[PDB]
Amino acid sequence: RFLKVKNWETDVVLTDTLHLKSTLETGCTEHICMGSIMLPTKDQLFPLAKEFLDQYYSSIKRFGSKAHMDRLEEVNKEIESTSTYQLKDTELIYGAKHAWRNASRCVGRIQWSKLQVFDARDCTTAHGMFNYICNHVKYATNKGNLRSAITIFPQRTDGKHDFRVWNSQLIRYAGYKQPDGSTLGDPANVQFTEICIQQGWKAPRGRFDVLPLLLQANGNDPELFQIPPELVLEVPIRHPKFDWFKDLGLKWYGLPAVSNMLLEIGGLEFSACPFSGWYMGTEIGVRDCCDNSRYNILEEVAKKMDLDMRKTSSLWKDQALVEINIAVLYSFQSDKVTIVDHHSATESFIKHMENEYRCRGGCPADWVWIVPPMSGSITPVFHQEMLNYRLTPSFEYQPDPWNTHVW
Amino acid sequence: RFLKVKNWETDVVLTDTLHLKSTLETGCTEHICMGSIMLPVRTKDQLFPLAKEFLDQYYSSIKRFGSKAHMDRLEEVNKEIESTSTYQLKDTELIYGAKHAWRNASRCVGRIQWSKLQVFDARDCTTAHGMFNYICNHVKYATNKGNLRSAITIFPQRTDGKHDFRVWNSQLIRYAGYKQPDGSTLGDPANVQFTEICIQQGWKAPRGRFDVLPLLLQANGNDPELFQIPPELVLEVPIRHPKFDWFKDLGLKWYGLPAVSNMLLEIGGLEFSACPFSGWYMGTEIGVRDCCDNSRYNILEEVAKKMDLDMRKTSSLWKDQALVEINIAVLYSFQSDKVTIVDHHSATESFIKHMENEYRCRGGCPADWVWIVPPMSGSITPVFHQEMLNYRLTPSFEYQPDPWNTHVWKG
Ligand code: HEM
Ligand code: HEM
Ligand SMILES: Cc1cc(N)nc(COC[C@@H](CN)OCc2cc(C)cc(N)n2)c1
Ligand SMILES: Cc1cc(N)nc(COC[C@@H](CN)OCc2cc(C)cc(N)n2)c1
Ligand SMILES: C[C@H](O)[C@H](O)[C@H]1CNc2nc(N)[nH]c(=O)c2N1
Ligand SMILES: C[C@H](O)[C@H](O)[C@H]1CNc2nc(N)[nH]c(=O)c2N1
Ligand SMILES: [Zn+2]
């Protein structure tokens with residue numbers, strides 16, 4: 001029942017008890033591990049509310065207090081009367097921070113308690129959503145000195161009046177199928193681009209076109225808005241040694257901002273809750289630049305470096321990969337846009353895991369996501385056993401809305 | 001039931017049905033995943049079902065399921081078990097069994113090769129000297145002057161658990177490690193405890209950086225005995241770099257033959273506690289782990305220094321740069337000396353083709369993503385993008401306790 005995790009590099013063993021709280025299911029059974037799979041009423045609501053409020057009142061050292069019992073009763077009466085309830089500001093903020101704290105796939109959680117929470121529960125229209133999001137973008141970007149933020153739109157009611165940001169991130173680049181047969185821009189974003197075009201967006205048909213926002217308020221049909229260009233901070237990619245690197249014409253945007261997830265707090269569902277931090281360099285240099293189905297630039301870089309590409313065993317892919325990742329970190333640092341390298345980030349996560357074990361009795365972590373997509377075993381998380389389990393408040397995946405929306 | 005796995009780079013979806021044949025437990029539950037945990041005497045009554053399921057699988061594989069030969073063999077095994085408490089595998093069943101344990105090894109990226117395995121039957125072995133001779137022959141056969149051949153040697157199965165055959169070494173060939181009084185280590189820090197055991201048992205340690213350990217062998221539950229592998233049978237490759245002429249002066253070399261000797265082979269409920277097996281290396285096993293783990297030879301700094309990398313900040317990626325160069329050096333050296341090695345790109349590409357073939361012809365391929373993905377350049381290998389299902393099929397290779405923890409010393 002009490003489980004140990006071992007670090008195989010340092011021999012340090014930690015005991016996990018926090019997993020006994022876990023509520024949701026993992027996808028695994030005693031017969032089969034699904035660790036590597038990417039996506040595996042009034043009655044229901046009150047126990048979920050109670051469980052959360054219990055944890056909240058515990059955190060402020062007022063468990064079993066008058067104010068604790070009074071709030072529980074107040075929420076009970078509210079659910080019985082209205083079929084739902086409203087979180088106090090203090091609760092919303094706690095909940096948001098804890099959803100991050102509980103995010104098993106996030107290496108950056110040492111930062112979890114420094115999150116700026118923007119309460120957009122008063123928003124009613126898509127134009128309002130656009131204004132809140134521009135403000136989030138400008139606040140988080142902070143002229144390159146990035147600050148973690150989440151903006152929280154109104155909670156789900158009957159599920160026919162959902163707030164959704166249709167975009168997967170606040171800032172991403174368009175992708176277009178060419179008559180040529182090749183793909184211009186980001187191949188990951190072809191379907192969503194078509195939805196935008198189909199809804200009226202005038203597409204520039206370039207390599208690095210920032211997508212408009214497609215915003216849905218109160219379950220109405222979504223609307224297009226372009227983020228003010230001057231609020232989207234971008235970084236041209238160059239290399240400290242290779243003068244030719246800039247001629248590849250590569251750039252990336254500074255703000256990673258996930259907008260397609262659902263925040264669950266105390267049984268309430270926040271279907272539009274864009275959140276942002278700052279990049280770990282491999283997210284851009286390994287994944288965005290080098291994935292076969294993304295910008296896929298390994299060959300072009302290898303050629304400019306004049307590597308022997310006739311045989312895999314020359315490790316030309318590996319050499320080019322490192323150089324691309326060097327250039328990403330150098331360009332962000334030179335322009336003073338916050339970024340963290342995978343060595344620094346994983347070292348921080350190990351310190352954070354130790355804090356969480358010491359202070360909370362554990363830290364749910366998904367090793368498959370936490371270990372960086374390059375140089376895995378030269379980072380300390382590679383040698384760290386991790387236990388993966390689901391705690392609430394949480395960020396959850398949810399269906400893409402175009403599959404779900406009735407026009 | 002059907003389970004689907006998707007490849008996120010190609011959108012190829014595969015359907016697994018083989019998982020329905022899984023028996024043994026994973027460690028995970030519907031509430032916790034233990035997929036990154038490294039390590040998550042049999043009654044008559046339990047043995048006959050295990051024998052039967054294995055024999056059913058064997059007979060199916062030879063398209064003789066339900067035949068007179070199959071039925072007679074079940075009966076013969078049933079009678080042997082009730083009369084002697086155990087049974088003996090036919091040579092054919094043993095070969096099938098060993099090949100399948102490899103086929104079933106979910107942490108092994110090299111399984112495209114599973115059907116090409118030379119099985120040395122050592123069940124007539126009775127003494128440690130006899131084990132030493134079997135193992136020298138395995139090493140010479142497998143080495144094949146650099147043209148490496150996969151092989152396994154199988155010593156007598158467990159009886160009462162008081163007469164076990166064991167190879168105490170974790171691999172047939174490994175380098176000694178010595179903790180110095182000042183807390184530094186000479187040689188391979190992973191092998192310090194075992195080196196101390198070897199010295200206690202009487203080994204005269206050369207005390208250098210690459211001393212091949214002696215074999216420590218236990219026959220029939222007796223105290224283990226020390227033997228030196230003839231040096232002329234131990235193929236080693238000096239590590240040099242194609243462009244950096246200073247690389248050779250780091251004084252590195254590695255052995256050509258990776259041979260796991262500490263695992264237990266389970267076939268039809270029988271337990272072969274001494275079953276050393278060998279193939280050939282994937283380059284990252286040496287260049288990433290053996291050379292660069294902080295707990296192993298740990299050479300990254302010295303390499304980075306010699307390359308004149310900016311070592312003032314991790315964000316120059318000096319570690320990553322030096323890591324690639326070391327791994328180029330390992331592949332270059334093995335190739336230059338005509339010692340079989342495979343790079344991580346080739347190996348993973350071959351694994352994906354193997355896995356797709358298994359899904360189509362066998363209904364699945366249990367695989368442990370945490371182990372299959374190489375420890376460098378993960379996402380530029382096709383396995384990183386492949387969803388996998390991990391479950392346990394028998395026959396199998398299993399971990400077992402280190403024998404110094406369990407052995408009853410005779411004196
Ligand atoms: C401040 C710096 C941060 C860093 C360096 C960071 C790091 C990362 C990285 C590298 C990933 C994997 C991304 C991928 O491979 O696609 C990730 C995932 C994730 N992070 Fe963070 N994170 C940060 C901030 C945040 C914040 C502010 C939140 C929420 C408030 C958050 C929540 C999440 C979630 C829910 C995932 C999983 C996303 C998914 O499943 O697609 N992170 N994090
Ligand atoms: C023929 C070339 C082979 C290659 C390239 C290869 C590759 C590998 C690699 C890279 C690993 C992970 C090693 C580690 O990180 O410690 C491994 C694990 C393993 N392989 Fe293979 N393999 C080969 C042959 C074999 C053979 C012949 C067998 C047995 C008949 C086998 C059974 C296993 C087992 C049981 C593991 C898991 C070991 C453990 O848990 O420590 N492999 N393989
Ligand atoms: C908040 C945050 C900070 C940070 N450094 N990184 C992130 C993650 O970035 C967004 C991620 C969410 N999975 O999206 C990238 C992506 C793209 C594609 C095509 C698939 C996928 N799963 N993920 C989020
Ligand atoms: C047969 C075979 C072929 C091949 N290419 N590689 C292997 C595996 O190599 C041996 C491995 C077994 N995991 O041993 C390395 C090791 C060392 C230490 C200190 C711990 C550990 N778990 N593993 C085995
Ligand atoms: C199949 C596998 O789960 C998938 O490719 C994963 C692996 N690990 C990952 N790790 C991170 N951080 N991000 C990812 O998108 C993925 N993708
Ligand atoms: C804790 C973690 O499971 C451990 O460090 C693993 C990860 N993946 C691995 N993969 C391989 N091939 N070999 C290993 O030793 C490990 N070690
Ligand atoms: Zn699992």
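Remember, it's 1-based here, ligands and their atoms both numbered in the order they're listed. Residue numbering restarts at 1 for every chain, and letters A, B, ... go by the order of the sequence lines. What's counted below: heavy atoms across the whole structure, side chains too, no hydrogens, waters or symmetry copies.
- For atom 22 (N) of ligand 4, the nearest protein heavy atom (residue, atom name, distance) is B/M38 SD, 4.5 Å.
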>> Set out, in order, the CA-CA distance, both residues' side-chain angles and the distance that settles side-chain hydrogen bond (donor to acceptor under 3.5 Å, both in side chains) for B/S278 and B/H138, then state yes or no.
In response: CA-CA 9 Å; B/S278 61; B/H138 174 138; 2.8 Å; yes
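- Nearest protein neighbour of atom 2 (C) of ligand 4, counting heavy atoms only, is B/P258 O, 4.1 Å.
- A cation-pi arrangement is present between A/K6 and A/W8, with the terminal nitrogen or guanidinium carbon under 6.0 Å from the aromatic centre and inside a 45° cone about the axis.
- Here the angle at the Zn ion (ligand 7) defined by SG in B/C33 and SG in B/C28 stands at 110°, rounded to 10 degrees.
- The option from A/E283, A/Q111, A/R294 that lies nearest to atom 7 (C) of ligand 3, judged by heavy atoms, is A/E283.
- Close approach to A/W278 involves these atoms of ligand 3, each under 4.0 Å from a residue heavy atom: 3 (C), 4 (C), 5 (N).
- Using a cutoff of 4.0 Å between basic side-chain nitrogens and carboxylate oxygens, A/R294 and B/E9 are not scored as salt-bridged.
- For the ring-ring contact (aromatic ring centres under 6.0 Å, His included) with B/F397, the lone residue among B/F277, B/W114, B/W102 that qualifies is B/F277.
- Less than 4.0 angstrom separates atom 16 (C) of ligand 4 from none of the non-hydrogen atoms of the protein.
- In this pair, B/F210 and B/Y175 present their aromatic rings perpendicular. The plane angle is above 60°, beyond the 30 to 60° band.
- Every atom of ligand 4 is numbered from 1 in the order shown, and the set under 4.0 Å from a heavy atom of B/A190 is 19 (C).
- Using a 4.0 Å cut-off to heavy atoms of B/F277, the atoms of ligand 4 that qualify are 1 (C).
- Near A/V258, meaning under 4.0 Å from one of its heavy atoms, ligand 3 places the atoms 10 (C), 12 (C), 24 (C).
- Between B/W168 and B/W404, the ring planes are tilted. Angles from 30° to 60° get that label.
- Applying the 4.0 Å criterion to heavy atoms of A/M38 picks out, from ligand 3, the atoms 22 (N).
- The protein heavy-atom contact nearest to atom 14 (O) of ligand 3 is A/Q169 NE2, 3.3 Å.
- At a threshold of 4.0 Å, the pair A/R390-A/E396 counts as salt-bridged, since one of the basic side-chain nitrogens sits closer than that to a carboxylate oxygen.
- Under a cutoff of 6.0 Å and an axis angle of 45°, B/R111 and B/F351 do not form a cation-pi pair.
- Protein heavy atoms are absent from the space less than 4.0 angstrom from atom 20 (C) of ligand 4.
- Ring geometry for A/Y253 versus A/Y279: interplanar angle of 30 to 60°, hence tilted.
- Results of the side chain to side chain donor-acceptor pair (under 3.5 Å) test with A/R172 over A/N167, A/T193, A/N189 single out A/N189 as the only residue that passes.
- Of the candidates A/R172, A/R105, A/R287, it is A/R172 that places a heavy atom closest to atom 18 (C) of ligand 3.
- There is a protein heavy atom closer than 4.0 angstrom to atom 24 (C) of ligand 3.
- Each of the following atoms of ligand 4 lies closer than 4.0 Å to a heavy atom of B/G279: 1 (C).
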